[PDB]
Structures are given as structure tokens and as C-alpha cells.
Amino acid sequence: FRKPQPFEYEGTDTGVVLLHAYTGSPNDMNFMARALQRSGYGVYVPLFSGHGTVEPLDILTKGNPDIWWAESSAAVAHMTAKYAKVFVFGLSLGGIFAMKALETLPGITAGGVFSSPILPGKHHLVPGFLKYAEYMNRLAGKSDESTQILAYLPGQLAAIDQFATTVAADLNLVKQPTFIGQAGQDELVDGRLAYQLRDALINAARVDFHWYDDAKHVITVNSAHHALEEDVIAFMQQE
């Protein structure tokens, strides 16, 4: 099994921070990052604590939203020191942190979310996590771990939501152009709620909203990802 590392591509004028999903990793962003590289952008994809090991508990015991928010904000600072212009995008978990960056951190031109409505809702992250843990354990030949996972998972999902609601409450503070991409057959979060993310952004310079009709959640990797790439790059060019 291979631990995904953080990775960076050098650019010239404009740089992009890509923040990955819960139970995900920098691999979430492999196509996207490279799409951006082919169009001359710099790209940085950090790894969130707890993520990217063979052991799913590490996410629950070594990571939390406050740590991941520090790491997101360090990743933005890395890039804003370097590039004239910096965009920040995030998938699911990473999207929350991307929107909080736009709300609270200096020096960002624009940014947005892939499949991350922010507003907490009806989600399927409990089955998703366990299924993930189940695959990872099968892979490593480690005995099921569902019981110890269920001692933490509710807790950490709660902390995520709590973090999210603060971000939702501060959506009024966003003045930047904001990209929203949402999967149209999202099996993990409630895509509906992306329309409400749209409507809450009452002070944003624009909101560029896209809906990817037949795609499941991880639209950075699945069949939507070519369209998503086109749309994100057209978004950035427009600004």
C-alpha cells in the first residue's frame, strides 16, 4: 500500500490550493492538479492529518477539524507568498475549509467547492466511512475494526458539522468569486443543499454554479472530471 504524499507543481503568475475529502487523500486531486498544470498553473495539494495511511482509525484519532483548518491555512499561506494570484478549491471536507479561507484569510483571488454544500444535511458518511474502512482492511489483511470506529465516528462527524455551521454562518463574509460544482447523483452528501450554499453567498462578486448530472460524489476523479476541469479553468480565466 502506498501512502499518498502531499505534492506541488511550480507555476508562474497564478497558483491553486486543492484540498481533499474526508477519508480521501492527495489522490483525490491527481487529474485536477494535472489539468491545472497543463494550463500553466501552479498547484499545491496538502495531506490532512490522519489521512493517507493503511489504518482508518488514524483519521478518527490523529485528525480533527481544527488541525485540518490549520493545515489548510498553512497551505494557502505557502501559496500566497509565492504567486501573484491564488485560488483555493476543496472536495467535500476540503470545500468547507476552502470556503472558510475565502471568509477569513487574506490574499485569495477566488475559490470554491466540489461536492461540498457546507450547510449540514442528510448525508451518508457513516456507511461511506465503514465501507472505506472495510476496503482498507481487506487490502491490508487487518481484522475488521467497526466497533472502535463507531466509538469515534459519531464524535468526529459531529465536530465536522459543528465546524461547518460556523462556516455556513459566515458565508455573508465572502466577497470573492465563488465556484460551486455539485455531483447530480451524489451518494454521500445532500446535493440539494448546494443551492442553498449558492443563495447564502449574498456578497460574493459572482457565484459560478455547475451541476454534474449523472456523476457520483468524487467528481474530481469520476466521469464528471473532464467537465469539472474545463469549468474550473474557465472560472479562473474569467478572473
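By rigid core we mean the largest C-alpha set that fits within 1.5 Å across both forms. Counting begins at 1, following the sequence as shown.
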Review point. Comparing 118 to 126 with 104 to 112, which has C-alphas lying farther from the shown form in 4 other deposited structures of this protein once the core is aligned?
Key: 118 to 126
Check your understanding: When the C-alpha temperature factors are averaged for each of 125 to 133 and 71 to 79, which stretch ends up with the higher value in the entry?
Key -> 125 to 133
Revision key, fill the gap. Assert higher mean C-alpha B factor (140 to 148 or 83 to 91, deposited values) equals 140 to 148
Review point. C-alpha B factor of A215, ranked within the chain: lowest, middle or highest third?
Key: highest
Exercise for review: Using the B-factors in the PDB entry, rank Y195's C-alpha atom against the chain and give the third, lowest, middle or highest.
Suggested key: highest
Exercise for review: Please rank the C-alpha B-factors of the chain's modelled residues and tell me whether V167 sits in the lowest, middle or highest third.
Suggested key: middle
Point to revise | Third of chain Cα B-factors occupied by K62 | key: middle
Practice item. Would you check the entry's CA temperature factor for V174 and let me know if it's in the chain's lowest, middle or highest third? Key: middle
